[PDB]
Amino acid sequence: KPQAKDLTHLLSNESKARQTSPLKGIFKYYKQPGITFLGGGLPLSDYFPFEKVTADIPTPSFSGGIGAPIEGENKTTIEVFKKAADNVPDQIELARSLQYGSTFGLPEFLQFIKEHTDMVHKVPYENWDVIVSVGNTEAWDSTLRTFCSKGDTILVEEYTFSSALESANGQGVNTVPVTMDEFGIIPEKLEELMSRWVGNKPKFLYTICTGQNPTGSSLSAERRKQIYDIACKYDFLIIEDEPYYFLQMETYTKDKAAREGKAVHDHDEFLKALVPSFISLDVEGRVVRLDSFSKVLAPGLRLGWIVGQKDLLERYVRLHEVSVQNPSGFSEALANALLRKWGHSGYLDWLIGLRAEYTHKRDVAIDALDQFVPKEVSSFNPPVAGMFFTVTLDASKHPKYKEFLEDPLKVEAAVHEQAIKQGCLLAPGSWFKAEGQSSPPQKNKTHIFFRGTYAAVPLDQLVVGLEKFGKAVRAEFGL
Amino acid sequence: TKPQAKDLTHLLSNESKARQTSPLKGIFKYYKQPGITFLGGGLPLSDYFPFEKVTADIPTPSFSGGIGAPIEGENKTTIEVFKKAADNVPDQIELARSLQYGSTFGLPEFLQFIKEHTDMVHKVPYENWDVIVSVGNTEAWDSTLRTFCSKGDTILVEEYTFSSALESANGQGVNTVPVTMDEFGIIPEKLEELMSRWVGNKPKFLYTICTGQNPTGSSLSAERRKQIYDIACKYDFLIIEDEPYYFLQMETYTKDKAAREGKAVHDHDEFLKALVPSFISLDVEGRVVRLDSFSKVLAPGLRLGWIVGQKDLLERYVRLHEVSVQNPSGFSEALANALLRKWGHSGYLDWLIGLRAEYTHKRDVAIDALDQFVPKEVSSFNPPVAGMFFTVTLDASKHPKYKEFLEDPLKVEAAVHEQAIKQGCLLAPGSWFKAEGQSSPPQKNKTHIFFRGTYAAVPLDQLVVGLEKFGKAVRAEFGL
Ligand SMILES: [Cl-]
Ligand SMILES: [Cl-]
Ligand SMILES: [Cl-]
Ligand SMILES: [Cl-]
């Protein structure tokens, strides 16, 4: 494959200045006979008070559903002993996985994650790599520290993850909002914004492009292509923060009958149905992907990875060395053991069960919106991916709109309070509104929304909450 | 009833002060409130977490076979953490909770044990102290710089110190002004004089690895800690005690091998009395932050430590943690909680006493070998009372090529390093650890070298082989 473009000009001055420890240049002499190596700081693994760790995990192909009790034939016991000799093959024995080591990641874990990445995403340049993270939260903080200096500008979705904005605000990085419709970023308006751009270009575009938080939108293949062309034309990176990528679902249909027939029935059909990632389009190497186990296995793993071109990933590693250092050896050893026990085939089985479970929740959620929410003042886009749904309301139709000084946010607050009074809580959309100006600034409404999740609660309680939300909209809008 | 700490919020960076809670925190109160269907969150379903159980085999108090004895037979205890609270022994963090998103402060069972531990050892002398989790001292140091420093601010560091700690400061544009040391650590009299003359904005804090100092192997005496605390109070800066080696304190070195066993701590009371007072034990004002870690006590791969300090300063670390590291591994915290609660405070003290015995013996063999093999004509050594590092100091001015080297001690250091490599032994040159920096604006404005070794990394037979090789290297270069 071709080499990626040289994008080291997009690194921050601070990232570029980062150095390896001066004790790197005695590492060669480590574990090399003839030399008694006394120049290091490693504690003795002999004292690590963990002889083995075990977990009980479910068994592919998860035929009883991924939520089935982990018992009987749906229970296998994985074991990571301290010594390599005591392990089945391809494990990270605790004497090494609980020892300081390469900030890039443990070799068995990285090998598995690299194969997964290439199998799904077919990275179309030669010099790509994967490094470990302790989750997309830390990966995001590190991304800002690698590509942004104080006063720099990034592009964000005009509604996005509040935590992502808070990280940007703490590093003094301007978050200029990119206009969305119910299907996400509008490529025409991003092209227009960049065609007129005054002063230093934004360093990158930050996108939760699958199951977007909070809109529940997913960028179509067609919008991803157009946004990619903009990033190549104006020379900025795309950061795809993709913890919800494997919460893609069957397309929603009003027709209940035509649902059981829709499910994917094998691995090659599953992999073909997945929306192309930005990394799959990234012939230039200007995409950095933040991947996580948090929504796939468990948030408490504190384990993810970063996909991108070797020379940009090398700067993240320098930062990792003097910040988070490395993920938990327990997390990385146990994830390695689970993924190798399942193998790629069982991990694919797991992702297919995840797809089936979320497809059903979304079906129940959207059936309930269609049923209970009054259509005269509302709309909804059924999500194709993610844990989130939204309800859009025409605030201008609230009977107190004039008394509220034509302020849509007073209508949002009144519907919020009414929802709580009816015994249901959604997240007001305005809470996710991104604000920012470039330095210097670029030359220079009535619809509100609420974010819900169908991932959290039992589906009987999801229907109870949404009927109550329907009542709250009816009471407030006088229908 | 202890005093309140001083209000030190004026020492926070403007950036830290401006950090906010998630707009979503003010709907958490409705979470799991009866009558509310809570659809406002983003927690995935614990029903799918593919871990029914995690277990570990750990050694058994009082570790009478030594902390490194095989974990088998009576020296094997199986701890289990089930997914469901009902399946666990008491005080466990069931995987349904430990593997779910949670308070960035920490899991309450782990915090409770580590707070008890902290008070039992350090007796924090103000009321409004707390502890929060970290993913180790590396991250807690990165966080400390982001909490108390803006670009162009100044911190005080030990003249020779941890290269990773300086790399972290350099990355944040924080100036590292070196504080003069002798073989016993920071010289308080010189630090007081530096501060008495100080022009421009005061340093935000002093960064010290005060016990088993990297790389000097020094430990500040109780007396130096007192004098240094007084300077921090008088000039109003914080003390960041980065203390991963606190529990590698050892018996005082004596040449008399016969005297060693009788002098050793055996009991919990003797142990708690032999430990050097922490800065937090002195910290009547609440101007100390302690970075604590299990990396040198349990295993580096836990990626679990904690931060000790006054409530209002730790809350700012928590805001930063929420949008950086988030939380330590729930496997790490759940297994650490299980191990610590199974051993209890009594078993944990037993472990720390075994650790003290193990390190004391490694240090005895290392220093006995230095005494035996390193030529005394051009060398000296300070036996450490704590840590994993020893040093050998050399008078570069006595090297026969000193004139040929233009009286550059660093050329004598390079020559000894190369000769050591050629004799088959490798130590870390002292100059590699030297800190440099100037305040903004700058303050108005040596023949000895040293090497750092560790006695913790290799079997003790190989350590003696290595230090005899280093003696040969010093004898060859100095012509002795
Ligand atoms: Cl796979
Ligand atoms: Cl809005
Ligand atoms: Cl000392
Ligand atoms: Cl020096």
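We use all heavy atoms of the structure for the numbers below, so side chains are in, but hydrogens, waters and symmetry mates are not. Here is the naming used below: chain letters follow the sequence lines, and residue numbers restart at 1 for every chain.
The side-chain heavy atoms of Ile35(A) and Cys425(B), taken from C-beta on, include no pair separated by under 4.5 Å. Proximity of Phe389(B) to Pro215(B): side-chain heavy atoms (C-beta onward) are nowhere separated by under 4.5 Å. Residues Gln423(B) and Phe470(B) have side chains not in contact (no heavy-atom distance under 4.5 Å, counting atoms from C-beta outward). Side-chain contact between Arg316(B) and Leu313(B) is absent, with no heavy atoms from C-beta onward closer than 4.5 Å.
Remark: side-chain polar atoms of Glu241(B) are paired, donor with acceptor, to backbone N or O of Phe279(B) under 3.5 angstrom. In this structure a side-chain-to-backbone donor-acceptor pair under 3.5 Å is present from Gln249(B) to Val276(B). Listed for the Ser379(B) side chain is no donor-acceptor partner under 3.5 Å among the backbone atoms of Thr393(B). A donor-acceptor pair under 3.5 Å links the side-chain atoms of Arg225(B) to the main chain of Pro277(B), judged by distance alone. A donor-acceptor distance shorter than 3.5 angstrom exists from the side chain of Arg363(B) to the backbone of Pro384(B), with no hydrogens or angles considered.
Ionic pairing of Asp283(B) and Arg290(B) is not present here: no N-O contact between side-chain nitrogen and carboxylate oxygen is shorter than 4.0 angstrom. Checked for salt-bridge contact, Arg287(B) and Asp236(B) meet the test: a charged N lies under 4.0 Å from a carboxylate O. Between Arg303(B) and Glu139(B) there is no salt bridge, since none of the side-chain N atoms of the basic residue sits less than 4.0 Å from a carboxylate O of the acidic one. The pair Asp371(B)-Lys376(B) meets the salt-bridge criterion, since a charged nitrogen lies less than 4.0 angstrom from a carboxylate oxygen. No salt bridge links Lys273(B) with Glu270(B); every basic N to acidic carboxylate O contact stays at or beyond 4.0 Å.
What you find for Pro125(B) and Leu282(B) is that their closest heavy atoms are CG-C, 4.2 Å. The nearest pair of heavy atoms linking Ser13(B) to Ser150(B) is CB-OG, 3.7 Å. In this structure, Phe390(B) and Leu38(A) approach most closely via the heavy-atom pair CZ-CD1, 4.4 Å.
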Practice prompt. Output, in order, the C-alpha distance, side-chain angles, deciding distance and verdict of ring-ring contact (aromatic ring centres under 6.0 Å, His included) for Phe294(B) and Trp306(B).
Written response: CA-CA 9 Å; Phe294(B) 294 125; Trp306(B) 62 100; 5.0 Å; yes
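Enclosure of atom NZ in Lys151(B) is not indicated, since only 12 or fewer non-hydrogen atoms of other residues, nucleotides or ligands lie within 6.0 angstrom. Within a 6.0 Å sphere centred on CD of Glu189(B), other residues, nucleotides and ligands contribute 12 heavy atoms or fewer. Heavy atoms from other residues, nucleotides or ligands lying under 6.0 Å from NZ of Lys190(B) number 12 at most.
Side-chain contact annotation: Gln310(B) with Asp130(B), donor-acceptor N/O pair under 3.5 Å absent. When only modelled atom types and interatomic distance are considered, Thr9(B) and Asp7(B) share a side-chain donor-acceptor pair under 3.5 Å. With 3.5 Å as the limit, one finds no donor-acceptor pair spanning the side chains of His320(A) and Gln325(A). Side-chain N/O atoms of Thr208(B) and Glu158(B) include a donor and acceptor closer than 3.5 Å. Side-chain contact of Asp350(B) with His268(B): a donor-acceptor pair under 3.5 Å is present, judged by distance alone.
For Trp198(B) and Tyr235(B), the distance between ring centers is not under 6.0 angstrom.
For the pairing with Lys362(B), the side-chain contact (heavy atoms from CB on, under 4.5 Å) check across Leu248(B), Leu463(B), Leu460(B) returns one residue only, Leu460(B).
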